[PDB]
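Structure, as structure tokens:
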């Protein structure tokens, strides 16, 4: 039920149990949610495949179950699935800083750049690869960035998308630089683009006629710095749409409070439908962070 | 461990309800003096279009009562406005009843797998068809081994493409009618793969084809809408 | 119960309590006497040999 | 009816299978990783 026993077909030496005993309270993925499990399906090594799709690993990992590593004793592992709600502790090796207040998500790991490729467990051919535990803004940032990579790059030759993704794959998040290894397009990514286009078409349709011209009104009223950037973006989009002068707006005829309530509530529904592509639900809510940024206590 | 909810239920809805496997749902009525009614999901069955007309005739012949009448009226006001009115409370323990915070009709139950996954979460799915006169709300109860919400929404879009194109047909044909969503996913808990028994049910000297779920752990979920 | 291995399943149940009901089977036999036998048994006239 | 009171017990060393074994009690297997015996032999 709760405590899940794993095993090993191979013996562990003192070095193997030594590097295993510093992996306590690390989260590992288990695909099965069964009791007497085996170590080859433990971790992501059976699922990792370069040149296959990062988004496939992402979807299977967010579909995988999670568990906590505690108390090896020699050819035994004692995985324990964390119950929903109770405070637990975690220990991450992903080179990303944390925070006492934010939330967490679980992502397939990227290469940091030093390229160590040693996660302190290897049994013959079999290795252990740990899923990165990532704070929530970096998680939604990498999600939206792979979504822009999939959405933009269709029907383009390799040079323009290369010039895009040499600066798009890099993310500097709290003095740490990360790059996405496998941005290759997927049929699942195609259905994400399908939901994306239908949602943005629907928010194009049932938006109010005043919100379609609101930024023109605020442009004619006030000049601020972000407003200057917004006028730059909107007028460049207008001159890419039409070389004519965009007319000033007058008194709007169809003013109706229930109409705005209904159409903007359906609009909020459709923005939820679009955001749930990239907005991943949380997995850990921090109660405390260790000062060396190795471990933490998270409530989930 | 169980969270208790005691209920004062009138005698106008006690048909098909003395059994433990019942789910009461607090829907906001059109009338303001009770402000809500604890309807049963089997009353959501008779309104639904996906169910058989024989079970609908059974539900008519078992619910000739003014309480179910007025409840059907107050749910028949808003076209597809049910998710802005319906709000669940959990399963009945024992019937004036107690509730925690499991039987199901055979027709509205469905699966998209071979039900061999050991852990299986259960979900409620409404769908809003618009190729009928105004709206066909299809109720569905789904057991499945999937756990992550968004890939469940993607496989729901893969299975309900007719509902999606009917939704956008309603959007492009009736501009003055603004629909909110195709439906709502909401989980209720999970079962093991073994307790699902397709069996029979006899209540009020009336016959029914039921599917029982024994070890149903209950967890309340949010009405997460989806298109 | 056998002490099994690491993660292989087993039963938690011990000491079942089943019940055995009786099987009723009554038997009957009659025997008859003459009224002459009863009158010579009870009423013992003093008389002869 | 009455309880299943006819239960009996079995021991290890009462069984002859211990003739195949060399039973040793030692209270630290959980702190033990491997157990090795290494043999040296010169050939004639």
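Every residue, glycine as well, gets a Cβ built from its backbone with ideal geometry; the counts of neighbours run over all protein chains shown. Taken together, the values in this text are just the output of simple stated rules run on the coordinates, not laboratory data.
Once all Cα-Cα distances of the range B:181-227 are split into 5 Å bins that start at 0, what whole-number percent is in each one?
Calculated over all Cα pairs of the range B:181-227, the distribution is 5, 18, 15, 14, 17, 18, 11, 3, 0 percent.
Taking the alpha-carbon centroid of each part, what is the distance from the range A:251-300 to the range C:10-32 in angstrom?
Measuring centre to centre over Cα atoms gives 68 Å.
In cubic angstrom, how much convex hull volume per residue do the alpha carbon atoms of chain A span?
190
Report P(r) for the range A:192-240: all Cα-Cα distances, bin width 10 Å, range 0 to the bin holding the largest distance, values in whole percent.
22, 39, 33, 6
Please report the spacing between the Cα centers of the range A:104-130 and the range B:71-135 in Å, no decimals.
Their Cα centres are 44 Å away from one another.
Of all alpha-carbon pairs in the range B:1-158, indicate the percentage at a distance above 26 angstrom.
30
Distance in nm between label sites at residue D:22 and residue A:243, each 7 Å beyond Cα in the beta-carbon direction?
9.9
What percent do you get for the relative contact order of chain A when only Cα pairs under 8 Å and 6+ apart count?
24
Helix-derived [θ] at 222 nm for chain B: sum -39500 (n - 2.57) over DSSP H runs of at least 4, divide by residue count, nearest 500?
That calculation yields -6500 deg cm²/dmol at 222 nm.
In degrees from 0 to 90, rounded to the nearest 10, what is the angle of the helix A:54-63 Cα long axis to the longest principal axis of chain A?
Helix A:54-63 and the main axis of chain A meet at about 70 degrees.
Order C:23-31, C:38-46 from most to least packed using the mean count of other Cβ atoms within 10 Å.
C:38-46, C:23-31
Taking Rh as the Kirkwood radius computed over C-alpha pairs, what is the Stokes-Einstein D of the range A:156-241 at 10 °C in a medium of viscosity 1.306 mPa s, expressed in µm² per second?
Calculated translational D: 94 µm²/s.
What's the angle, to the nearest 10 degrees (0 to 90), between helix A:257-278's Cα axis and the longest principal axis of chain A?
40
With N residues in the range B:72-218, what two-decimal value do you get for its Cα radius of gyration over 2.2 N^0.38 Å?
Rg over 2.2 N^0.38 Å, computed on Cα atoms: 1.17.
Restricting to bridges with both residues inside chain A, how much of the DSSP beta-bridge set is antiparallel, in percent to the nearest 5?
95
Can you sort A:210, B:82, D:32, A:274 by how many other beta carbons sit within 10 Å, fewest first?
Ranking A:210, B:82, D:32, A:274 by Cβ neighbours within 10 Å, fewest first, gives D:32, A:210, A:274, B:82.
Within a 10 angstrom radius of each residue's Cβ in A:186-192, how many Cβ atoms of other chains show up on average? Whole number is fine.
The mean count of partner-chain Cβ atoms within 10 Å per residue comes to 1.
Against the globular-protein guess of 2.2 N^0.38 Å, express the Cα radius of gyration of the range A:41-182 as a ratio, rounded to two decimals.
1.17
Based on the mean of other beta carbon atoms within 10 Å per residue, what is the order of A:60-68, A:113-121, A:130-138, D:19-27, most packed first?
My ranking of the peptides, most packed first, is A:130-138, A:60-68, A:113-121, D:19-27.
Report the dimensions of chain D along its three principal axes from the alpha-carbon atoms, largest first, rounded to Å.
Its Cα atoms span 72, 31, 13 Å along the three principal axes.
What is the log10 of I(q)/I(0) for the range B:26-91, computed with the Debye formula using one identical point scatterer on each Cα and no solvent, at q = 0.22, 0.25 Å⁻¹?
Debye intensities relative to I(0), on a log10 scale: -0.99, -1.21.
Quick one: what does P(r) look like for chain C with 10 Å bins over all Cα pairs, in whole %?
14, 17, 12, 11, 10, 9, 8, 9, 8, 3
Can you give the average number of partner chain beta-carbon atoms within 10 Å of each beta-carbon in peptide C:6-13, as a whole number?
Partner-chain Cβ atoms within 10 Å, mean over residues of C:6-13: 3.
Which log10 I(q)/I(0) values does the range A:235-296 give at q = 0.17 Å⁻¹ under the Debye formula, counting every alpha carbon as one identical point scatterer?
Those come out to -0.92, one per q.
Could you tell me the center-to-center distance, by alpha carbons, between the range A:159-183 and the range B:1-57 in angstrom?
54
Can you give the mean number of other chain Cβ atoms that lie within 10 Å of the Cβ atoms in peptide B:147-154?
Per residue, the average neighbour count from other chains is 6.
To the nearest 10 degrees, how steep is helix A:225-241 against the longest Cα principal axis of chain A, on a 0 to 90 scale?
70
How large is the Rg to Rh ratio of the range A:183-300 when both quantities use alpha carbon positions and Rh follows Kirkwood?
My calculation of the ratio gives 1.12.
Using Cβ contacts closer than 10 Å as the measure, can you line up B:17, B:113 from fewest to most?
Least to most surrounded, the residues fall as B:113, B:17.
So for the range B:1-88, averaging the separation of alpha carbon pairs under 8 Å that are six or more residues apart and normalising by length, what relative contact order in percent results?
About 36 percent, as a whole number.
Would you mind computing Rg(Cα) / (2.2 N^0.38 Å) for the protein assembly as shown, counting N as its residues?
1.39
Label-point separation (nm) for residue B:100 and residue A:285, each offset 7 Å from Cα along Cα-to-Cβ?
For residue B:100 paired with residue A:285, the spin-label model returns 2.5 nm.
Could you tell me, in Å, what Rg and Dmax come out for the Cα atoms of the range B:144-227?
When restricted to the Cα atoms of the range B:144-227, Rg and Dmax are 17.7, 49 Å.
At a 10 Å Cβ-Cβ cut-off, how would you order A:8, D:12, A:284, fewest neighbours first?
Ascending number of Cβ neighbours within 10 Å: D:12, A:8, A:284.
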